[PDB]
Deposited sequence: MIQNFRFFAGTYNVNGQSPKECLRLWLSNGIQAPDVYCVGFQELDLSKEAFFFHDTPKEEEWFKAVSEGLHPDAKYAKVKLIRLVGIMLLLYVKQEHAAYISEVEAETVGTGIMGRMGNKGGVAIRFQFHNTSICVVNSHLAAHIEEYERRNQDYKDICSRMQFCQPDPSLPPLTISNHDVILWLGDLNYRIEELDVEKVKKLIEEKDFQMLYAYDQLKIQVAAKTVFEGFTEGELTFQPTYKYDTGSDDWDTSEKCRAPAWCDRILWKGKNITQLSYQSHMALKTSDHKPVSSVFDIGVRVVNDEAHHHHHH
């Protein structure tokens, strides 16, 4: 029997900052309490120290910040936390679902310096929920403005190198694609091309996000089948989420605005209820993005 549960997916590039703001706006702003929360960060800590010895007080800081921000109408249990340098993913479920979560595994893949360090890359948590297999990936891909090939390479390398082991020590490992349900979120860093920074801002003024999409690097590459084969993205009905002046909604361009921050998915029995950014949070040069899904899970 398929029963629907509500999944919240969120991605936020916090530009090396500690949380200054209440996250309720992002994580529980006029939504029903999700059954499951998948919350992704990039650039959690930008220090060389963090890049070097992993430890950083930004982890407890954003964890406290997310937990305080979850929907107040339910109690949530943290299932798993995973981080590679500045890339962190948190998985929470309502306390009443905890017993039905199993085979939780978490892995990381660095795809930055030398094609292997964690300045860029991916982290993932997969698990079983009742009798449905789910994998959630948070990734931070190459930032070069022109050279999207580097993002495609990061994406190809997360897919080929991310391997989850299994209790049975005689079985092959699982890859990201070996799941009934895949959610992929992150600062994917694809930008807008050809169009002038003037036109790109003006298009954003009059809210004509359809025309702009035709020049979005991610749209183009997905159609070219160089990444995200089989994935869907909901219509982008919110303005690009990068790059803003910290503490405001004005632009900064050291580089047109861009839909850096995205959530895609593939699987049967997945319906997307919403796809938003959250302008009111001004702690970072990105805005956070969120999506709620009704996902059908097989319950036996």
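**Student:** Which parts of the deposited chain sequence are absent from the coordinates, listed in sequence order?
**Tutor:** Comparing the full sequence with the modelled residues, the uncovered ranges come out as 255-257, 304-313.
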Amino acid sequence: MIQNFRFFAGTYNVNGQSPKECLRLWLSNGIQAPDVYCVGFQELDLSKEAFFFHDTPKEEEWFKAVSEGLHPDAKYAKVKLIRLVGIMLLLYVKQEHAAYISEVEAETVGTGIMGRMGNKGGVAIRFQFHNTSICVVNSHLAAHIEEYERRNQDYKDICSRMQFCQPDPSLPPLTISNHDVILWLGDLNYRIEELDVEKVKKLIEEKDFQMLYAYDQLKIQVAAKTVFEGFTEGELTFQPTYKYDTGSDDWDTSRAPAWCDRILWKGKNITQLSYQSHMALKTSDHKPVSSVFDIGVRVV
From here on, numbers count along this sequence of modelled residues.
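If you superpose the two forms and keep the largest set of C-alpha atoms that fall within 1.5 Å, you have the rigid core.
**Student:** Out of 52-60 and 36-44, which shows the greater rigid core-aligned C-alpha deviation in 4 other deposited structures of this protein?
**Tutor:** Taking the RMS over all superposed structures in 4 other deposited structures of this protein, 52-60 lies farther out.
**Student:** Line up the rigid core: which moves more in 4 other deposited structures of this protein, 228-236 or 255-263, by C-alpha RMS?
**Tutor:** Stretch with the larger root mean square C-alpha distance in 4 other deposited structures of this protein: 255-263.
**Student:** Regarding 211-219 and 164-172, which shows the higher C-alpha temperature factor on average in the entry?
**Tutor:** Mean CA B-factor is higher for 211-219.
**Student:** So 270-278 or 245-253, which one's hotter by mean CA B-factor in the entry?
**Tutor:** Higher mean C-alpha B-factor: 245-253.
**Student:** From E107, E146, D187, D180, which pick has the Cα B-factor that tops the rest in the entry?
**Tutor:** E146 has the highest C-alpha B-factor of those listed.
**Student:** Of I134, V85, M114, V123, which one's C-alpha B factor is largest in the deposited record?
**Tutor:** Of the options given, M114 has the highest CA B-factor in the PDB entry.
**Student:** If you rank the chain by CA B-factor, which third does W265 end up in: lowest, middle or highest?
**Tutor:** Within its chain, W265 is a middle-third residue by C-alpha B-factor, going by the deposited values.
**Student:** Would you mind checking where the Cα B-factor of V292 ranks among the modelled residues of its chain, as the lowest, middle or highest third?
**Tutor:** Its C-alpha B-factor, which the entry lists for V292, ranks in the middle third among residues of this chain.
**Student:** Lowest, middle or highest third: which one holds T232 when the chain's residues are ordered by CA B-factor from the entry?
**Tutor:** Middle third.
**Student:** Once the chain's modelled residues are ordered by C-alpha B factor and cut into thirds, is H54 in the lowest, middle or highest one?
**Tutor:** As the PDB entry reports it, the C-alpha B-factor of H54 lands in the highest third of its chain.
**Student:** Based on the deposited C-alpha B factors for this chain, I'd like to know if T226 is in the lowest, middle or highest third.
**Tutor:** Highest third, going by the recorded CA B-factors of the chain.
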